[PDB]
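For reference, the structure discussed in these notes is given below.
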Amino acid sequence: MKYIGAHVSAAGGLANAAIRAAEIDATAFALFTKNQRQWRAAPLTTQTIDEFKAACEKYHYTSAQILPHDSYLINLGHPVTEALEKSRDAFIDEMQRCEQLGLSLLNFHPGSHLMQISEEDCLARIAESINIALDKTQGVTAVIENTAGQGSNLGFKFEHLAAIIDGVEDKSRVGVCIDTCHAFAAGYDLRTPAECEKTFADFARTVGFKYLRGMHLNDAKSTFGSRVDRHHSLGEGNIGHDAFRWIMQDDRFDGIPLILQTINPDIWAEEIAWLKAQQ
DNA sequence: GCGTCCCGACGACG
DNA sequence: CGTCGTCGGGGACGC
Ligand SMILES: [Zn+2]
Ligand SMILES: [Zn+2]
Ligand SMILES: [Zn+2]
């Protein structure tokens with residue numbers, strides 16, 4: 001069993017997301033529990049929480065099929081203590097918000113040294129940031145997403161994820177989410193079944209599939225090793241459809257939210273359908 | 001320096 | 001009432 005969806009919109013309320021997900025026949029969906037470009041959001045009201053749950057229950061979307069993503073503003077590895085504290089508070093908020101909504105996963109970006117600390121220093125801060133949050137919450141698993149490696153942003157090498165995990169105490173609540181566009185941009189080839197098997201065997205060796213808690217199926221507008229984060233619709237980009245079919249036929253990707261973040265939402269229904277047809 | 005990439009609340013419009 | 005535009009304000013790309 002595979003859960004295929006997209007990062008649908010939460011405009012007008014979290015329940016709408018589940019509704020939007022159902023409208024395109026998704027068996028999985030991602031969302032923002034609050035605007036990802038602002039520091040503060042009004043606390044969830046029991047009304048919003050209830051409606052969201054009613055919506056999810058109506059369509060049978062279980063916690064294992066939902067992959068909320070945190071704020072863009074958060075840097076769990078910020079070189080400046082004050083800004084790091086702020087990022088930490090926010091991240092804690094996002095995780096507490098997931099607990100209220102009965103969501104067990106939280107997709108977030110690793111962090112950036114902003115040319116002001118070393119890589120180790122930045123990674124250890126991320127580890128610390130996670131321990132701190134898993135310490136102030138329950139039931140929510142921190143899912144680290146690999147990145148394209150733009151600017152001073154870490155997490156483009158599988159080794160960064162493995163190092164961040166080594167520093168986490170409660171390994172039961174830490175995981176990873178692989179974004180095809182990001183891995184490709186980082187330098188992990190996927191343009192053929194052969195490369196996919198190779199790129200994922202590597203992932204298996206340095207991180208291990210027991211930590212995979214989600215996927216981001218994006219094609220790339222950016223190029224191999226460009227370390228540029230620019231997505232594209234499935235098959236219209238530099239990666240191609242082969243990789244996505246390959247993924248759909250590999251059982252190592254079962255029981256997790258496979259989320260589309262392709263550039264044209266209007267064709268998400270077709271993309272979701274095509275992906276399913278690949279199994 | 002500015003438009004655009006990795007959006008949801010809400011006020012102004014019509 | 002539906003829809004659009006602006007604000008918010010981290011880190012970046014590429015011109
Ligand atoms: Zn992401
Ligand atoms: Zn992604
Ligand atoms: Zn991306």
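All values below come from the heavy atoms of this structure, side chains included, with hydrogens, waters and symmetry mates left out. Every chain is numbered from 1, with letters handed out A, B, ... down the list of sequences.
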task = May I ask you to verify if any side-chain N or O of A:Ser112 is less than 4.0 angstrom from the OP1 or OP2 atom of C:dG10?
result = no

ask   = Does C:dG11 have OP1 or OP2 sitting under 4.0 Å from an N or O in the side chain of A:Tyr72?
value = no

Which one, [options], comes nearest to the side chain of [X]?
X: A:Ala11; options: B:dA9, C:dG11, B:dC6; value: B:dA9
X: A:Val228; options: B:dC7, C:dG11, C:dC13; value: C:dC13
X: A:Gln38; options: B:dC7, C:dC13, C:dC7; value: C:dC7
X: A:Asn75; options: B:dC5, C:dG9, C:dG11; value: C:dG11
X: A:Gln36; options: C:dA12, B:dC7, C:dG9; value: B:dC7
X: A:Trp39; options: B:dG8, C:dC13, C:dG10; value: C:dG10

With distance as the sole criterion, is a donor-acceptor pair present between the side chains of [X] and [Y] under 3.5 Å?
X: A:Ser233; Y: A:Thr262; answer: no
X: A:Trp246; Y: A:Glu197; answer: yes
X: A:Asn218; Y: A:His232; answer: no
X: A:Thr141; Y: A:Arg173; answer: no
X: A:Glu195; Y: A:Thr192; answer: yes
X: A:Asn107; Y: A:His216; answer: yes

key: Pi stacking test for A:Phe32 and B:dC7: under 5.5 Å apart, planes under 30°   = no

Whole-Å gap separating [atom2] ([N]) and [atom1] ([X]):
X: A:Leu84; N: C:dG10; atom1: CG; atom2: P; value: 15 Å
X: A:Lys221; N: B:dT4; atom1: NZ; atom2: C1'; value: 11 Å
X: A:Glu94; N: B:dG8; atom1: CD; atom2: P; value: 13 Å
X: A:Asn16; N: C:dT3; atom1: CG; atom2: P; value: 13 Å
X: A:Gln261; N: B:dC7; atom1: CD; atom2: P; value: 8 Å
X: A:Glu145; N: C:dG10; atom1: CD; atom2: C1'; value: 15 Å
X: A:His182; N: B:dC5; atom1: NE2; atom2: P; value: 15 Å
X: A:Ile19; N: B:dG8; atom1: CD1; atom2: P; value: 14 Å

So what does [X] touch, heavy atoms closer than 4.0 Å: a base, only the sugar-phosphate, or nothing?
X: A:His231; result: sugar-phosphate
X: A:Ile74; result: nothing
X: A:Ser71; result: nothing
X: A:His78; result: sugar-phosphate
X: A:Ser9; result: sugar-phosphate

remark   = Paired with A:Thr147, the side-chain contact (heavy atoms from CB on, under 4.5 Å) test is passed by just one of A:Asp179, A:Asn153, A:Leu154, namely A:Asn153

message = Given the structure, check if the side chain of A:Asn35 and the base of C:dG8 hold any donor-acceptor pair shorter than 3.5 Å.
response = yes

ask   = Under the 3.5 Å rule, do the base of B:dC5 and the side chain of A:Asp229 count as making a donor-acceptor pair?
value = no

ask   = For DNA chain B, which ranges pair as stems of 3 or more consecutive Watson-Crick or G-U pairs, with both donor-acceptor distances under 3.5 Å?
value = B:2-6 with C:10-14, B:7-14 with C:1-8

query = How far does the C1' atom of C:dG2 sit from the matching atom of B:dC6, given to the nearest Å?
reply = 28 Å

key: Nearest-Å distance once atom P is located in both B:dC5 and C:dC15   = 15 Å

task = Take the six-membered rings of bases C:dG9 and C:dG10, measure centre-to-centre distance and interplanar angle, and say whether these fall under 5.5 Å and 30° respectively.
result = no

task = Report yes or no: does A:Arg191 contribute a side-chain atom to a donor-acceptor pair with the main-chain N or O of A:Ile239 at less than 3.5 Å?
result = no

task = Would you please indicate if the ring centroids of A:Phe203 and A:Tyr188 are separated by under 6.0 Å?
result = no

